[PDB]
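The structure appears right after this line, and notes come after that.
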Amino acid sequence: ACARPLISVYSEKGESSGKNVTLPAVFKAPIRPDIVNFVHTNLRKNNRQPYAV
Amino acid sequence: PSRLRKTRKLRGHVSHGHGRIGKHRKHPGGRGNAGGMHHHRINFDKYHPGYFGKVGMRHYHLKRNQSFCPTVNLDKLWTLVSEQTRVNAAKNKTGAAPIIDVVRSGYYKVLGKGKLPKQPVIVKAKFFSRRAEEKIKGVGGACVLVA
Amino acid sequence: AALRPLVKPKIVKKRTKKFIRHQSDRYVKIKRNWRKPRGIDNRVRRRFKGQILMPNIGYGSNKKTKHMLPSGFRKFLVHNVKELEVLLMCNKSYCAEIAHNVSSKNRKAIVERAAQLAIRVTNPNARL
Amino acid sequence: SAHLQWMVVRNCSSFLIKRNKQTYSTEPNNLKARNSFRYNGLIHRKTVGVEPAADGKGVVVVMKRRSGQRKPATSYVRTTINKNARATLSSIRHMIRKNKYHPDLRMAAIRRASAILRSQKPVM
Amino acid sequence: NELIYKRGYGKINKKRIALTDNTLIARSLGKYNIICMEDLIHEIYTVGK
Amino acid sequence: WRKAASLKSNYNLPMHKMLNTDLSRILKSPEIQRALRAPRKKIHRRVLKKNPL
Amino acid sequence: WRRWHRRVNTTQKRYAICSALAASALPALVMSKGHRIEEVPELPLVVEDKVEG
Amino acid sequence: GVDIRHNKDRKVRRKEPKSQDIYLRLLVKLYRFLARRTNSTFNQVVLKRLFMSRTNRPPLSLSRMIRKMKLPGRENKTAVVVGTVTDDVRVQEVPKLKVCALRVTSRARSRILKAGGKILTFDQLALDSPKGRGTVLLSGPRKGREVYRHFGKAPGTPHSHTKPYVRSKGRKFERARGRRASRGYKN
RNA sequence: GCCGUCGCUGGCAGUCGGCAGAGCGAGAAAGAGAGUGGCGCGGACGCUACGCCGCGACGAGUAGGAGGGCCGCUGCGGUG
RNA sequence: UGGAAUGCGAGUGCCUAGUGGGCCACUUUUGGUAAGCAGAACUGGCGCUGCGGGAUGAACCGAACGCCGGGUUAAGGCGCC
RNA sequence: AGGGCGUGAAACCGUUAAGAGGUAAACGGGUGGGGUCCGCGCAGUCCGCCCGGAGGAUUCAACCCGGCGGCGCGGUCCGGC
Ligand SMILES: [Mg+2]
Ligand SMILES: [Mg+2]
Ligand SMILES: [Mg+2]
Ligand SMILES: [Mg+2]
Ligand SMILES: [Mg+2]
Ligand SMILES: [Mg+2]
Ligand SMILES: [Mg+2]
Ligand SMILES: [Mg+2]
Ligand SMILES: [Mg+2]
Ligand SMILES: [Mg+2]
Ligand SMILES: [Mg+2]
Ligand SMILES: [Mg+2]
Ligand SMILES: [Mg+2]
Ligand SMILES: [Mg+2]
Ligand SMILES: [Mg+2]
Ligand SMILES: [Mg+2]
Ligand SMILES: [Mg+2]
Ligand SMILES: [Mg+2]
Ligand SMILES: [Mg+2]
Ligand SMILES: [Mg+2]
Ligand SMILES: [Mg+2]
Ligand SMILES: [Mg+2]
Ligand SMILES: [Mg+2]
Ligand SMILES: [Mg+2]
């Protein structure tokens with residue numbers, strides 16, 4: 001959408017501090033599981049080691 | 001992915017997709033482009049016409065950079081300069097004409113295909129075409145040469 | 001005290017015997033699992049008279065009563081207690097079948113739960 | 001959105017369970033426990049749950065408030081109804097109808113809050 | 001009569017739909033003033049326009 | 001989507017192929033509800049053919 | 001010399017990253033991967049900088 | 001038995017898109033609803049085009065959308081496309097256009113918005129005009145692909161201006177026998 | 001009668017409920033439209049829309065093709 | 001008044017496996033004394049195809065096949081098998 | 001698990017049990033006979049409502065207090081984002 005909320009930073013004691021950060025626009029990009037999968041099942045072929053008889 | 005391929009549905013059928021009468025022998029036509037003139041002539045004439053013979057002059061030590069000349073058409077000539085150069089000449093009133101240097105963008109010859117917008121230009125280029133130069137005069141503009 | 005199903009229709013099956021493989025009787029290397037015979041001169045795949053039969057799609061079961069045990073219930077493998085609450089709103093049409101590996105200490109506290117939930121178990125006296 | 005993240009959760013969830021030609025779902029607030037857009041207890045903006053009370057007796061009802069939507073901690077409200085078998089099935093009914101709160105789930109909520117009462121009586 | 005009544009099926013929407021009511025004939029052949037199984041029999045017997 | 005990426009060379013978040021992904025709110029909206037034919041939600045199972053003779 | 005490694009377009013690895021971040025701020029798409037976040041106070045869980053200390 | 005032939009019983013049209021993306025499989029849900037629940041043969045064409053492969057819905061150029069929306073009569077209409085609206089750098093003036101496409105390249109959003117036109121989506125269009133009143137369906141050139149130059153009558157055939165498959169093109173790559181009236185013949 | 005394939009490019013987002021009014025099978029292109037003057041708090045199921053439902057027609061097959069396998073084998077990333 | 005009848009949704013585009021030993025029959029038909037021979041034409045078959053009949057049977061007569069209940073037939077039959 | 005000793009399949013063989021036996025055996029369709037175990041069969045389903053029949057509660061409605069949540073065209077309330 002277009003409405004970017006105001007997330008609140010949480011102190012290390014769990015309780016919410018005063019600091020706020022506007023939700024970055026990345027958290028509204030399209031969710032594409034097919035693109036995510038196609039990219040994952042190709043990028044993790046790269047860390048593979050050769051093997052052969 | 002073998003699990004998607006066609007040899008996984010071909011388990012259990014004797015000839016494995018290749019024929020009972022005519023087997024899948026090794027090379028029943030010769031290897032490669034064999035028989036281009038004898039038994040594969042209908043194919044080398046129906047699909048690769050002109051494949052056999054010589055034509056033209058040889059050129060022994062050809063160097064592909066003496067004949068370097070990339071062209072740009074007039075339609076996308078105005079895309080070499082920024083946008084506030086084509087519109088600044090619109091808002092302009094003193095008749096000034098922007099200098100489009102083409103060999104600076106990476107083209108040597110200017111061919112004239114597209115239409116042009118009505119404003120003057122000064123096209124610096126290495127080689128010009130007759131029509132590319134006439135379409136520039138007919139709009140008002142100069143065809144500078146640069147060696 | 002049997003746990004009756006929702007409705008118990010009449011189950012009709014177009015065939016009861018298994019579909020044995022061609023020539024699974026003369027040999028021991030040929031198991032009973034079915035393999036469509038693809039030989040040229042074969043007498044089974046030409047559908048001769050009096051030969052073995054072939055699994056057509058015509059033998060399919062009525063969809064209304066397909067996979068349905070003779071107790072009018074469908075079935076579900078249950079690996080632990082938590083997989084019963086999944087089945088507690090399908091009570092009167094599906095049953096539970098504790099897996100083969102669930103030891104008797106857990107299978108007792110699984111039949112115990114399914115008794116409260118009124119879920120029917122097919123093997124409730126299994127291991128003990 | 002609901003239909004968006006349902007088109008992501010419809011097959012590659014972790015609560016999805018697929019065996020014996022059936023397909024149930026183990027979501028927290030899924031009542032009827034079956035994998036469907038309508039009864040999924042995590043996708044929508046307003047869901048309903050009917051769990052058993054932590055002690056022996058009672059039925060807890062879990063509504064999902066509107067205001068807190070990305071705050072999982074302060075998102076759900078819970079109310080334990082430890083009453084007779086009929087008042088609790090007129091309280092869930094009012095909770096849903098009179099509030100006009102996800103009203104297509106009411107008979108599902110009663111049918112579940114009855115399975116709990118039935119699974120909390122003394123066995124025979 | 002025996003044919004149209006007992007074995008009479010209509011090619012409606014390219015579907016062999018059994019002629020069970022006059023509103024299956026009127027709905028298709030109505031524009032020719034054939035609106036009942038009797039107008040149908042009369043059109044077949046007396047070869048009509 | 002209006003301010004490019006600063007740390008990358010030229011990158012803007014991928015655009016959206018549809019904005020209001022809530023086709024429930026889309027479908028029960030007065031814009032679309034008015035432009036529909038009445039639902040034909042009656043089931044007409046096969047009529048047994050008796051013999052008019 | 002089997003082809004072990006695959007290469008992906010950069011704009012597509014970035015599409016996949018933005019799709020794997022836009023999906024980590026949704027309570028359903030995180031509680032469906034299996035994580036036990038029934039008591040996290042807010043999903044884009046931010047903490048003060050002293051945590052790096 | 002009946003003596004029919006089942007050669008053509010299975011019509012091969014696309015019952016659904018082959019892609020698995022969920023921002024398309026939601027458009028196809030909304031338009032499958034509009035397609036069946038309205039009597040407008042517009043939605044039926046949009047739905048039938050949302051199935052089509054990436055080679056059957058080709059790109060549009062901004063210039064071809066200019067000259068197809070400049071035709072007399074169709075003013076103040078929304079230009080609907082099912083493919084993408086690419087830029088056309090060889091056009092200098094851009095009017096204001098109401099447009100609705102699946103994609104608009106990041107240099108055609110610029111031009112259209114700086115002109116002053118709107119760029120809707122297919123859900124925005126479905127809310128603006130459900131039955132699709134006031135629209136102009138378009139589609140880019142389908143025979144534009146270089147693939148369609150090798151199709152037709154095979155080369156080496158009287159009056160078959162079909163492009164052959166050659167490794168490289170040059171003096172000595174298929175220019176000798178079936179092309180010269182001198183060396184052999186030509187067609 | 002049942003299974004399946006094909007076709008209808010069929011139907012279903014209308015579960016529109018005390019902010020209610022429960023319909024779109026009927027031969028005849030189009031509104032159960034607006035305005036302008038003469039007690040008892042109640043109502044089954046559904047909708048994994050890749051889902052569900054209704055209608056007809058059809059069902060041989062070597063070589064070959066295609067699809068669907070919640071058929072099976074071994075390991076990998078996730079998840080139970 | 002869409003200018004005969006009857007029937008039926010058509011048009012178009014790529015990619016493409018297998019095949020390129022055939023055989024039989026009515027009718028026409030060439031060589032041969034003829035052949036379960038050699039060779040053509042048209043259609044239908046066998047090959048790729050079960051089923052009822054012809055005792056038996058690649059090709060003849062009927063008839064073409066999802067799995068089943070009732071009824072009726074085809075071609076063939078009805079002393080007994 | 002007894003010194004080539006984890007598990008210890010198949011073909012093949014021995015013995016015990018059960019049946020059977022002159023058209024080699026085996027096989028598909030159909031039943032019948034006997035066995036083996038299973039149903040933990042052998043007095044046979046429960047569920048909602050209502051009517052009556054006998055009992056038991058610290059109990060219903062309606063009011064009062066406190067909390068919580070939904071909705072609000074609060075026509076157009078305050079302050080936010
Ligand atoms: Mg085959
Ligand atoms: Mg072979
Ligand atoms: Mg092949
Ligand atoms: Mg070959
Ligand atoms: Mg080969
Ligand atoms: Mg030669
Ligand atoms: Mg043989
Ligand atoms: Mg054969
Ligand atoms: Mg048939
Ligand atoms: Mg066929
Ligand atoms: Mg075909
Ligand atoms: Mg078949
Ligand atoms: Mg050969
Ligand atoms: Mg001959
Ligand atoms: Mg053969
Ligand atoms: Mg044939
Ligand atoms: Mg035959
Ligand atoms: Mg004889
Ligand atoms: Mg019969
Ligand atoms: Mg006889
Ligand atoms: Mg041992
Ligand atoms: Mg050990
Ligand atoms: Mg041992
Ligand atoms: Mg003995």
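By convention here, the chains of the structure tokens are called A, B, ... in the order presented, each chain's residues are numbered starting at 1, and ligands are numbered starting at 1 in the order presented.
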Please identify all polymer residues within 9 Å of residue 38 of chain G, counting only C-alpha atoms (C1' of nucleotides), omitting same-chain residues fewer than 2 positions from it, and present them as a list in words.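 Skipping anything fewer than 2 positions along the chain leaves residues 72 and 73 of chain D; 27, 31, 35, 36, 40 and 41 of chain G.
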9 Å contact set for residue 8 of chain G, only C-alpha atoms (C1' of nucleotides), chain neighbours under 2 positions out, as a list in words: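 Listing them by chain and then by number gives residues 39, 42 and 43 of chain A; 6, 10, 11, 12 and 13 of chain G.
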How about saving the chosen residues, C-alpha atoms kept, as a PDB file, in the first residue's frame?
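See selection_24.pdb below for the written result:
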ATOM      1  CA  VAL A  39      16.498 -17.556  -6.320  1.00  0.00           C
ATOM      2  CA  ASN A  42      19.825 -21.545  -7.584  1.00  0.00           C
ATOM      3  CA  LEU A  43      21.981 -19.574  -5.169  1.00  0.00           C
TER       4      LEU A  43
ATOM      5  CA  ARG G   6      24.215 -21.143 -11.158  1.00  0.00           C
ATOM      6  CA  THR G  10      21.326  -9.006  -9.634  1.00  0.00           C
ATOM      7  CA  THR G  11      17.964  -7.253  -9.913  1.00  0.00           C
ATOM      8  CA  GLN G  12      16.385 -10.639  -9.212  1.00  0.00           C
ATOM      9  CA  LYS G  13      18.491 -11.434  -6.183  1.00  0.00           C
TER      10      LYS G  13
END
Give me, as a ChimeraX atom specification, the residues of chain H touching chain B, with the criterion being at most 9 Å (counting only C-alpha atoms). /H:89-92,154-157,164-166,171-180,183,186
Contact residues around segment 69-79 of chain K with only C-alpha atoms (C1' of nucleotides) at 9 Å, ignoring same-chain residues under 3 positions, as number ranges by chain: D: 63, 65-66, 77, 98-101
File dump, residues just selected, C-alpha atoms, as a PDB file, in the first residue's frame:
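Output (selection22.pdb):
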ATOM      1  CA  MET D  63     -11.116 -12.831  19.907  1.00  0.00           C
ATOM      2  CA  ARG D  65      -8.848  -7.140  18.577  1.00  0.00           C
ATOM      3  CA  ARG D  66      -8.734  -4.731  15.652  1.00  0.00           C
ATOM      4  CA  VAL D  77      -8.236 -11.034  24.095  1.00  0.00           C
ATOM      5  CA  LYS D  98     -24.548  -9.097  18.647  1.00  0.00           C
ATOM      6  CA  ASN D  99     -21.000  -7.889  18.009  1.00  0.00           C
ATOM      7  CA  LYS D 100     -21.284  -8.686  14.281  1.00  0.00           C
ATOM      8  CA  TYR D 101     -17.799 -10.158  14.604  1.00  0.00           C
TER       9      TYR D 101
END
Quick check, in Å to one decimal: how far apart do atom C1' of residue 62 of chain I and atom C1' of residue 20 of chain J lie? 17.2 Å
Using only C-alpha atoms (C1' of nucleotides) and all ligand atoms, which protein or nucleic acid residues are at most 8 Å from ligand 4, as a ChimeraX atom specification? /B:22-25,28
For ligand 2, list the contacting residues at 12 Å or closer, counting only C-alpha atoms (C1' of nucleotides) and all ligand atoms, as a PyMOL selection string. (chain B and resi 13-25) or (chain C and resi 39-40) or (chain I and resi 63)
Export of the given selection (N, CA and C atoms (P, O5', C5', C4', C3', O3' and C1' of nucleotides)) as a PDB file, in the first residue's frame:
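Ended up saving to result.pdb:
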ATOM      1  N   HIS B  13       8.775 -49.569 -20.847  1.00  0.00           N
ATOM      2  CA  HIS B  13       8.504 -49.733 -22.267  1.00  0.00           C
ATOM      3  C   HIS B  13       9.791 -50.136 -22.972  1.00  0.00           C
ATOM      4  N   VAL B  14       9.714 -51.205 -23.764  1.00  0.00           N
ATOM      5  CA  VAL B  14      10.917 -51.933 -24.156  1.00  0.00           C
ATOM      6  C   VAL B  14      11.873 -51.025 -24.918  1.00  0.00           C
ATOM      7  N   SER B  15      11.378 -50.346 -25.948  1.00  0.00           N
ATOM      8  CA  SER B  15      12.257 -49.609 -26.845  1.00  0.00           C
ATOM      9  C   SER B  15      12.652 -48.243 -26.305  1.00  0.00           C
ATOM     10  N   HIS B  16      12.156 -47.856 -25.132  1.00  0.00           N
ATOM     11  CA  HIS B  16      12.549 -46.599 -24.499  1.00  0.00           C
ATOM     12  C   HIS B  16      12.312 -45.421 -25.442  1.00  0.00           C
ATOM     13  N   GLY B  17      11.137 -45.405 -26.064  1.00  0.00           N
ATOM     14  CA  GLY B  17      10.724 -44.243 -26.822  1.00  0.00           C
ATOM     15  C   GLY B  17      11.359 -44.105 -28.184  1.00  0.00           C
ATOM     16  N   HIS B  18      11.973 -45.167 -28.708  1.00  0.00           N
ATOM     17  CA  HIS B  18      12.835 -45.051 -29.873  1.00  0.00           C
ATOM     18  C   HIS B  18      12.498 -46.003 -31.012  1.00  0.00           C
ATOM     19  N   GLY B  19      11.496 -46.854 -30.871  1.00  0.00           N
ATOM     20  CA  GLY B  19      11.062 -47.634 -32.018  1.00  0.00           C
ATOM     21  C   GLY B  19      11.311 -49.119 -31.837  1.00  0.00           C
ATOM     22  N   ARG B  20      10.346 -49.926 -32.277  1.00  0.00           N
ATOM     23  CA  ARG B  20      10.523 -51.372 -32.333  1.00  0.00           C
ATOM     24  C   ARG B  20      11.078 -51.821 -33.679  1.00  0.00           C
ATOM     25  N   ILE B  21      10.523 -51.302 -34.774  1.00  0.00           N
ATOM     26  CA  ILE B  21      10.968 -51.718 -36.101  1.00  0.00           C
ATOM     27  C   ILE B  21      12.346 -51.144 -36.398  1.00  0.00           C
ATOM     28  N   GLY B  22      12.449 -49.819 -36.437  1.00  0.00           N
ATOM     29  CA  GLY B  22      13.735 -49.175 -36.610  1.00  0.00           C
ATOM     30  C   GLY B  22      14.357 -48.832 -35.274  1.00  0.00           C
ATOM     31  N   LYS B  23      15.411 -49.553 -34.909  1.00  0.00           N
ATOM     32  CA  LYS B  23      15.994 -49.414 -33.586  1.00  0.00           C
ATOM     33  C   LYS B  23      16.629 -48.034 -33.442  1.00  0.00           C
ATOM     34  N   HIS B  24      17.167 -47.765 -32.253  1.00  0.00           N
ATOM     35  CA  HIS B  24      17.987 -46.577 -32.028  1.00  0.00           C
ATOM     36  C   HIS B  24      19.445 -46.997 -32.161  1.00  0.00           C
ATOM     37  N   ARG B  25      19.890 -47.103 -33.406  1.00  0.00           N
ATOM     38  CA  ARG B  25      21.261 -47.495 -33.688  1.00  0.00           C
ATOM     39  C   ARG B  25      22.148 -46.276 -33.461  1.00  0.00           C
TER      40      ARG B  25
ATOM     41  N   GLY C  39       4.410 -56.651 -23.945  1.00  0.00           N
ATOM     42  CA  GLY C  39       4.983 -57.459 -25.000  1.00  0.00           C
ATOM     43  C   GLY C  39       4.084 -57.543 -26.218  1.00  0.00           C
ATOM     44  N   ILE C  40       4.700 -57.859 -27.357  1.00  0.00           N
ATOM     45  CA  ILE C  40       3.963 -57.861 -28.618  1.00  0.00           C
ATOM     46  C   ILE C  40       2.913 -58.969 -28.620  1.00  0.00           C
TER      47      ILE C  40
ATOM     48  P     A I  63       4.374 -50.333 -27.848  1.00  0.00           P
ATOM     49  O5'   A I  63       4.944 -49.543 -29.107  1.00  0.00           O
ATOM     50  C5'   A I  63       5.762 -50.207 -30.057  1.00  0.00           C
ATOM     51  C4'   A I  63       6.203 -49.289 -31.168  1.00  0.00           C
ATOM     52  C3'   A I  63       6.506 -47.858 -30.770  1.00  0.00           C
ATOM     53  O3'   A I  63       7.756 -47.701 -30.132  1.00  0.00           O
ATOM     54  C1'   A I  63       5.212 -47.844 -32.723  1.00  0.00           C
TER      55        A I  63
END
With a distance cut-off of 8 Å and only C-alpha atoms (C1' of nucleotides), select the neighbouring residues of residue 47 of chain I, excluding the residue or stretch itself and same-chain residues fewer than 5 positions from it, and output the selection as a PyMOL selection string. (chain D and resi 36-38) or (chain I and resi 52)
Using only C-alpha atoms (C1' of nucleotides) and all ligand atoms, what are the residues with an atom within 8 Å of ligand 9, set out as a PDB file with C-alpha atoms (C1' of nucleotides), in the first residue's frame?
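Output file selection37.pdb follows:
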ATOM      1  CA  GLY H   1     -20.595 -48.035 -30.973  1.00  0.00           C
ATOM      2  CA  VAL H   2     -20.644 -44.557 -32.497  1.00  0.00           C
TER       3      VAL H   2
ATOM      4  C1'   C I  58     -18.175 -40.053 -24.832  1.00  0.00           C
ATOM      5  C1'   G I  59     -14.382 -44.660 -22.991  1.00  0.00           C
TER       6        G I  59
END
Distance filter 12 Å around ligand 20, atoms: only C-alpha atoms (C1' of nucleotides) and all ligand atoms, out as a PDB file with C-alpha atoms (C1' of nucleotides), in the first residue's frame:
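Once everything was written out, this is result-v4.pdb:
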ATOM      1  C1'   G J  53     -20.651 -67.076 -34.992  1.00  0.00           C
ATOM      2  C1'   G J  54     -17.657 -70.205 -38.971  1.00  0.00           C
ATOM      3  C1'   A J  55     -15.637 -77.309 -34.379  1.00  0.00           C
ATOM      4  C1'   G J  76     -25.208 -67.955 -36.672  1.00  0.00           C
ATOM      5  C1'   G J  77     -28.362 -71.530 -34.655  1.00  0.00           C
ATOM      6  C1'   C J  78     -32.283 -75.122 -31.605  1.00  0.00           C
ATOM      7  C1'   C J  80     -27.036 -85.243 -27.451  1.00  0.00           C
ATOM      8  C1'   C J  81     -22.221 -83.246 -26.555  1.00  0.00           C
TER       9        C J  81
END
Which parts of chain A does DSSP call strand (DSSP E) when run on the backbone here, written out as a ChimeraX atom specification? /A:6-10,16-22
Please save C-alpha atoms of the selected residues as a PDB file, in the first residue's frame.
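And here's again-v7.pdb as it stands now:
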ATOM      1  CA  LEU A   6       5.848   4.134  12.960  1.00  0.00           C
ATOM      2  CA  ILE A   7       7.583   1.177  14.613  1.00  0.00           C
ATOM      3  CA  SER A   8       8.861   1.698  18.159  1.00  0.00           C
ATOM      4  CA  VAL A   9      12.353   0.703  19.285  1.00  0.00           C
ATOM      5  CA  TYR A  10      12.312  -1.629  22.292  1.00  0.00           C
ATOM      6  CA  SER A  16       9.377   0.138  24.723  1.00  0.00           C
ATOM      7  CA  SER A  17      11.733   3.111  24.679  1.00  0.00           C
ATOM      8  CA  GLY A  18      10.763   6.518  23.318  1.00  0.00           C
ATOM      9  CA  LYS A  19      12.548   6.146  19.998  1.00  0.00           C
ATOM     10  CA  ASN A  20      10.444   5.524  16.903  1.00  0.00           C
ATOM     11  CA  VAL A  21      11.454   4.627  13.348  1.00  0.00           C
ATOM     12  CA  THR A  22       9.178   4.912  10.326  1.00  0.00           C
TER      13      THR A  22
END
For chain G, which residues have at least one atom within 9 Å of chain A, if we go by only C-alpha atoms? Write them as a list in words, please.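 Residues passing the distance filter: residues 1, 2, 4, 5, 6, 7, 8, 12, 13, 15, 16, 17, 18, 19, 20, 21, 22, 23, 24, 25, 41, 42, 44, 45, 46, 47, 48, 50 and 51 of chain G.
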Can you list, as a VMD selection string, every protein, DNA or RNA residue that comes within 10 Å of segment 23-32 of chain E when you count only C-alpha atoms (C1' of nucleotides), leaving out same-chain residues fewer than 6 positions away? (chain E and resid 10 to 13 17 39 to 40 49) or (chain I and resid 25 to 28)
Taking only C-alpha atoms into account, which residues of chain D are within 6 Å of chain C, as a PyMOL selection string? chain D and resi 20+32-33+119
Could you take the residues named above and write them with N, CA, C and O atoms, as a JSON list (two decimals), in the first residue's frame?
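Saved to out_31.json:
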[["chain", "number", "residue", "atom", "x", "y", "z"],
["D", 20, "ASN", "N", -3.27, -39.25, 4.18],
["D", 20, "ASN", "CA", -4.52, -40.02, 4.11],
["D", 20, "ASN", "C", -5.61, -39.23, 3.38],
["D", 20, "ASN", "O", -6.76, -39.19, 3.81],
["D", 32, "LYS", "N", -12.50, -25.95, 13.65],
["D", 32, "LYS", "CA", -12.67, -27.01, 12.66],
["D", 32, "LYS", "C", -11.32, -27.46, 12.11],
["D", 32, "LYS", "O", -11.28, -28.43, 11.34],
["D", 33, "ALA", "N", -10.21, -26.81, 12.46],
["D", 33, "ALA", "CA", -8.85, -27.30, 12.25],
["D", 33, "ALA", "C", -8.53, -27.61, 10.79],
["D", 33, "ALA", "O", -7.47, -28.17, 10.51],
["D", 119, "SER", "N", -16.15, -33.18, 25.92],
["D", 119, "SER", "CA", -14.88, -33.80, 26.26],
["D", 119, "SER", "C", -14.38, -33.37, 27.63],
["D", 119, "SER", "O", -13.20, -33.56, 27.95]]
